[PDB]
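> Going from the sequence shown to the numbering used here is simple: count from 1 and add 7.
Structure provided below as structure tokens; questions to follow.
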Amino acid sequence: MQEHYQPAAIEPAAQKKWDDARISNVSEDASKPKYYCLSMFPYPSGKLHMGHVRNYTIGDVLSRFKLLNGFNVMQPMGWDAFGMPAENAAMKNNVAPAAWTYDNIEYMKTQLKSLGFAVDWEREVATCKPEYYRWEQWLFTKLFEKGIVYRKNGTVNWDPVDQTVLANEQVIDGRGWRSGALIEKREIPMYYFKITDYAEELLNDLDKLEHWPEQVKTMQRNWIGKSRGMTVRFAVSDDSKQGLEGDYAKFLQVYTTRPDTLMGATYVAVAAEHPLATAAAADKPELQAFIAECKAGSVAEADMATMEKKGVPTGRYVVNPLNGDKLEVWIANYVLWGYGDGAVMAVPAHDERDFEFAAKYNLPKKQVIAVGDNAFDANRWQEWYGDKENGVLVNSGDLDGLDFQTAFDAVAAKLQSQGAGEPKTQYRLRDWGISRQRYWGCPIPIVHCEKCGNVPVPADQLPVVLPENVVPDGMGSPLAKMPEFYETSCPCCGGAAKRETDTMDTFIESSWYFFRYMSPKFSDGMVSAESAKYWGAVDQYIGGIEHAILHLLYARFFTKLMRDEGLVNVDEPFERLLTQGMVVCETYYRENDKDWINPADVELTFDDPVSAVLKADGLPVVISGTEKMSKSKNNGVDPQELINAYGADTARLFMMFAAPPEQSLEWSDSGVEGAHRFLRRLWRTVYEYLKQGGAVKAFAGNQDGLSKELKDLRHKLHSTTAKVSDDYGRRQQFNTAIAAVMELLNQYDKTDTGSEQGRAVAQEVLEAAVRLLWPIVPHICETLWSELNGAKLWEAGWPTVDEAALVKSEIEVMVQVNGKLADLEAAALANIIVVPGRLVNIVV
Ligand SMILES: CCCCCc1ccc(-c2cn(CCC[C@@H]3CO[C@H](COS(=O)(=O)NC(=O)[C@@H](N)CC(C)C)[C@@H](O)[C@H]3O)nn2)cc1
Ligand SMILES: [Mg+2]
Ligand SMILES: [Zn+2]
């Protein structure tokens with residue numbers, strides 16, 4: 008055994024050892040219990056970053072833990088290949104997106120392999136390959152025929168200078184982020200998934216997910232935003248019907264979730280697009296400008312609550328059907344045309360948004376709810392104003408004294424009898440638009456024929472192949488400028504026709520890839536029936552919390568779609584969900600005429616730390632704040648340089664030890680040094696142990712007659728095995744498992760293991776430690792295990808807890824007072840000559 012730990016020697020040999028034995032190349036083996044551990048597959052954007060290493064290390068810890076416990080473990084990897092990165096790389100480098108993508112894949116695949124992840128590379132998929140995306144084209148056509156996918160006109164932000172559609176997050180002050188030109192809102196036909204048809208299923212099935220973090224479930228419930236409220240109609244007043252046609256001349260209809268406060272409504276508010284807004288504004292230039300400023304707005308939903316709410320009175324009036332109050336209609340910028348009826352009532356006393364709106368414009372506030380003897384201050388909001396559960400109605404006439412639920416049904420009965428309203432269930436969730444006006448994505452399998460309409464490509468003709476020898480312009484989607492691609496013949500009539508040139512939302516590829524891993528070479532469908540039945544669902548899923556809403560909701564949706572097609576046998580794709588935090592790092596710059604400097608290029612001073620300096624020279628640097636690793640502040644530490652400097656095991660140890668998965672991990676040079684120094688110590692402990700006499704059979708069985716010191720070390724060992732097992736299995740906190748193995752070795756360090764029995768216990772200690780740590784640092788553990796023991800480590804299995812080692816010793820002595828019934832004296836006085844271990848007599 009080499010004296011000094013040298014990872015560049017041992018790590019490739021171990022990787023070859025695992026690969027030769029094919030421990031990760033798994034099949035549908037009915038004799039071993041399956042375990043499907045999945046990390047979110049990466050965008051192939053060039054190189055691994057520290058987030059990647061953290062995520063796939065967490066995945067591999069859990070995989071190897073289950074492997075050592077005898078499961079048939081599938082841990083597959085692949086490439087989420089379509090999307091904008093390749094498009095912009097094409098624009099900057101004048102290379103094809105595909106060629107750039109396949110090169111990134113080759114380089115990142117090498118990096119993952121050098122880290123030693125126990126991955127079944129025979130199940131590798133790349134979603135930009137027609138062998139993959141043909142199957143989502145297949146499902147698309149099938150759902151299109153059923154109407155689950157449909158084509159509808161929708162409005163988008165057009166940038167007229169850069170000639171492309173822009174996401175709403177990509178609009179600042181009504182202008183495109185790169186171009187800086189005023190965006191134009193335009194109506195174009197687009198494709199939608201009818202996800203709202205599955206809203207109630209998607210909402211309710213969350214309750215099944217007992218091993219998901221509650222905050223993820225809460226975020227999904229809120230995103231779906233189901234509510235049971237009331238449709239309420241207010242009759243338009245005699246004087247306010249000018250310019251209105253239809254039922255809009257008769258009433259204004261609103262939806263509210265608080266009909267128990269209908270007695271407290273003090274005004275009503277409508278969207279800028281509402282007919283009442285249009286008729287009111289026809290002779291009022293200030294209203295026309297307000298209507299225009301609303302329509303020009305572009306507020307993404309994470310910013311709708313954070314925008315200043317503004318309104319304009321219209322001079323038009325409606326009547327509360329329950330008390331008779333004439334109420335003014337306002338136009339307001341928070342009422343969205345498309346949600347509900349584009350019209351709401353306002354109760355400033357019991358809705359905080361209405362409170363603030365009414366405070367701004369000095370609109371009335373009428374308290375109709377009371378919670379105990381709480382004082383109502385019409386000038387200061389209080390939390391209890393919005394209380395649904397423990398409130399009771401006041402100032403409501405014949406409704407006074409009712410709680411929320413019985414008031415709700417009382418209002419519902421009154422409204423329904425006179426025809427002024429009825430209960431209604433609503434959902435915030437919108438349908439999912441999948442059209443993208445972009446090149447590097449899966450083609451939409453629709454052929455447009457002026458005789459036959461929107462026609463799906465027949466299954467015999469799929470895939471519609473994206474041509475790969477394209478170098479994106481900049482001036483619009485290339486597919487629309489390629490007659491060689493879109494000029495085709497119609498599949499139903501055989502005449503001249505045009506392919507759809509929009510591509511699919513790349514969220515689609517990541518909504519089913521976990522099923523494709525089950526049979527990635529299956530040419531007859533999305534997933535083979537036999538494989539889906541064996542593998543079932545993902546047992547454990549690991550990824551970043553930033554995917555908690557959209558990606559997770561889309562994947563659950565696709566699972567239910569595929570189940571209903573008859574392809575899979577599960578309702579939910581992901582049983583356990585572990586969300587990983589971000590990686591942060593200090594930032595450094597230097598002022599010019601700021602140019603942010605990468606940390607691996609900087610060197611720090613010290614004392615016994617003054618400042619920092621650039622490695623290439625010696626000019627000082629500006630140490631600034633710690634934040635997430637990014638291109639923006641050039642504070643991303645290349646994982647390749649960590650591996651080059653210390654080896655894969657040190658990289659993995661640092662990430663697992665520095666922070667629990669949910670927590671932000673802070674890059675630290677000394678921390679990485681600490682992890683490397685522990686691996687040297689681990690190496691030194693085994694080497695010194697074997698230097699003093701070589702391996703022996705590990706201690707096992709009855710421990711009576713072992714010295715107290717060695718019994719104590721066995722107690723620490725088997726308590727450490729139980730702790731680490733609970734840390735990997737239940738808590739999924741890996742730092743405390745490393746700490747526990749560290750404590751075991753510390754106790755071993757202070758124990759004389761030189762005797763014959765001492766060596767046997769030492770062998771037991773070391774054979775456990777290297778297996779307890781193997782999921783985390785498998786290369787050094789693999790090599791150390793082969794020096795201690797000839798059996799194959801994965802066949803030796805997870806260390807067992809020897810409960811006999813956890814039973815503390817017993818000695819029963821009698822205690823008598825005047826002849827009749829240090830260590831034992833203090834305990835018997837807690838109940839004087841002492842005959843050792845047998846008897847004590849309290850002579851008094
Ligand atoms: C030279 C470049 C320097 C870059 C510097 C840098 C930048 C960022 C971070 C960082 C990020 N996070 C936060 C956690 C990042 C996780 C990384 O692993 C996985 C792959 O991520 S992905 O490839 O983005 N794919 C995807 O997100 C989709 N293909 C997944 C589908 C299933 C939807 C995901 O689970 C991420 O959520 N923490 N740290 C660290 C370093
Ligand atoms: Mg259950
Ligand atoms: Zn036709």
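Beta carbons are placed, not taken as given, at the ideal position from N, Cα and C, and that holds for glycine.
Across the segment 783–801 and the segment 650–662, are there enough close Cβ pairs to call them in contact, namely three or more that are closer than 8 Å?
Touching, yes, given that three or more Cβ pairs across the two stretches are closer than 8 Å.
> With distances taken between CB atoms, is the gap from residue 522 to residue 580 smaller than 9 Å?
Contact: yes.
> Roughly how many angstroms lie between the CA atoms of residue 182 and residue 189, to the nearest whole one?
Residue 182 and residue 189: Cα-Cα distance of roughly 4 Å.
> Leaving out the 5 sequence neighbours to the left and right, which residues in its chain are closer than 6 Å to residue 58 when beta-carbon positions are compared?
590.
> Kindly examine ligand 3 and report whether one of its heavy atoms sits closer than 8 Å to the Cβ of residue 501.
Yes - ligand 3 has a heavy atom lying nearer than 8 Å to the Cβ of residue 501.
> Between the Cα of residue 299 and those of 83, 604, 319, spot the shortest distance and give me the residue it belongs to.
Cα-wise, what sits closest to residue 299 is 319.
> Return the chain-ordered list of same chain residues with a C-beta closer than 6 Å to the C-beta of residue 374, the five sequence neighbours on each side being excluded.
Within the same chain, residue 374 has close Cβ partners 356, 383.
> Tell me which residues share the same chain as residue 361 and place their Cβ nearer than 7 Å to its Cβ, disregarding the 5 neighbours each side in the sequence.
Contacts found: 353, 354, 355.
> Can residue 717 and residue 758 be called in contact, C-beta distance under 9 Å?
Their beta carbons are under 9 Å apart, which means residue 717 touches residue 758 by this criterion.
> Please tell me whether, using a cut-off of 8 Å, the distance from the CB of residue 505 to the nearest non-hydrogen atom of ligand 3 is below it.
For ligand 3, not one heavy atom lies less than 8 Å from the Cβ of residue 505.
> Closest to residue 636 by C-alpha separation, out of 594, 201, 365, 209, would be which residue?
Nearest of 594, 201, 365, 209 to residue 636, Cα basis: 594.
> In three-state terms, what does DSSP make of residue 578?
Reduced to three states, the DSSP call for residue 578 is coil.
> How far does the alpha helix (DSSP H) with residue 249 in it reach, from first residue to last?
Per DSSP, residue 249 belongs to no alpha helix (DSSP H) and is neither H nor E.
> For residue 772 and residue 683, I'd like the C-alpha separation in whole angstroms.
Spanning the two alpha carbons is a distance of roughly 21 Å.
> From this set, 738, 750, 72, 745, which residue's C-alpha is nearest residue 721's C-alpha?
For the residues 738, 750, 72, 745, the minimum Cα distance to residue 721 belongs to 750.
> Where residue 823 and residue 817 are concerned, what is the direct C-alpha to C-alpha distance, given to the nearest angstrom?
Computed Cα separation, rounded: 19 Å.
> Can you give the beta carbon distance from residue 394 to residue 376, rounded, assuming they're within the 8 Å contact cut?
Right, their Cβ atoms sit about 7 Å apart.
> Give the straight-line distance between the Cα atoms of residue 270 and residue 315, rounded to the nearest whole angstrom.
Between residue 270 and residue 315, the C-alpha separation is close to 27 Å.
> Checking 9 Å against the spacing of the C-beta atoms, do residue 329 and residue 418 come in under that value?
Result yes, Cβ atoms of residue 329 and residue 418 sit closer than 9 Å.
> Please report the residue range of the alpha helix (DSSP H) in which residue 848 lies.
First-last for residue 848: 846–849, but that is the beta strand (DSSP E), not the alpha helix (DSSP H).
> Taking DSSP's pairing of strands, which residues face residue 198 in a bridge?
Its beta-bridge partners are 158.
> Would you say residue 224 touches ligand 2, meaning its beta carbon is less than 8 Å from a heavy atom?
No; taking the cut-off as 8 Å, the Cβ of residue 224 has no heavy atom of ligand 2 nearer than that.
> What residues in its chain sit with their C-beta under 6 Å from that of residue 788, if we drop five residues either side in the sequence?
Result list for residue 788: 777, 780, 781, in chain order.
> Would the segment 563–581 count as touching the segment 640–650 if we require 3 or more Cβ pairs under 8 Å?
No contact exists between the segment 563–581 and the segment 640–650.
> Which of the three DSSP states, helix, strand or coil, is assigned to residue 780?
Looking at residue 780 - three-state DSSP - the assignment turns out to be helix.
> What span of residues does the alpha helix (DSSP H) with residue 788 cover, start to end?
It spans 785–795 - the alpha helix (DSSP H) in which residue 788 sits, taken as one unbroken run.
> Residue 350 and residue 281 look like a contact to me (Cβ under 8 Å); what is the Cβ gap, rounded to whole Å?
Contact holds; Cβ gap of about 6 Å.
> Heavy atom of ligand 1 less than 8 Å from the Cβ of residue 448, yes or no?
Checking the Cβ of residue 448 against ligand 1 gives no.
> Answer yes or no: the CB of residue 464 versus the heavy atoms of ligand 3, is any distance below 8 Å?
Result no, Cβ not under 8 Å from ligand 3.
> Between the segment 826–844 and the segment 753–769, can you find at least three pairs of beta-carbon atoms closer than 8 Å?
In short, these stretches do not touch, since the Cβ pair count stays below three.
> What residue range is occupied by the uninterrupted alpha helix (DSSP H) comprising residue 112?
104–121 is the extent of the alpha helix (DSSP H) around residue 112.
> For residue 37, which residues of its own chain have a beta-carbon under 8 Å away from its beta-carbon, when the five flanking residues on both sides are left out?
Cβ neighbours of residue 37 beyond the five flanking positions: 541.
> Can you name, in chain order, every residue of its own chain whose Cβ lies under 8 Å from the Cβ of residue 335, other than the five neighbours on each side?
Hits under 8 Å: 274, 275, 320, 321, 322, 323, 324.
> Tell me whether residue 129 is buried or exposed, calling it buried when 16 or more other Cβ atoms sit within 10 Å of its Cβ.
Classification for residue 129: exposed.
> Hey, would you say residue 332 sits closer than 9 Å to residue 272, going by beta carbons?
Yes, the pair counts as a contact, with Cβ atoms nearer than the cut-off.
> Exposed or buried, residue 612, counting other C-beta atoms within 10 Å across all chains shown (16 or more means buried)?
Exposed: under 16 other Cβ atoms inside 10 Å.
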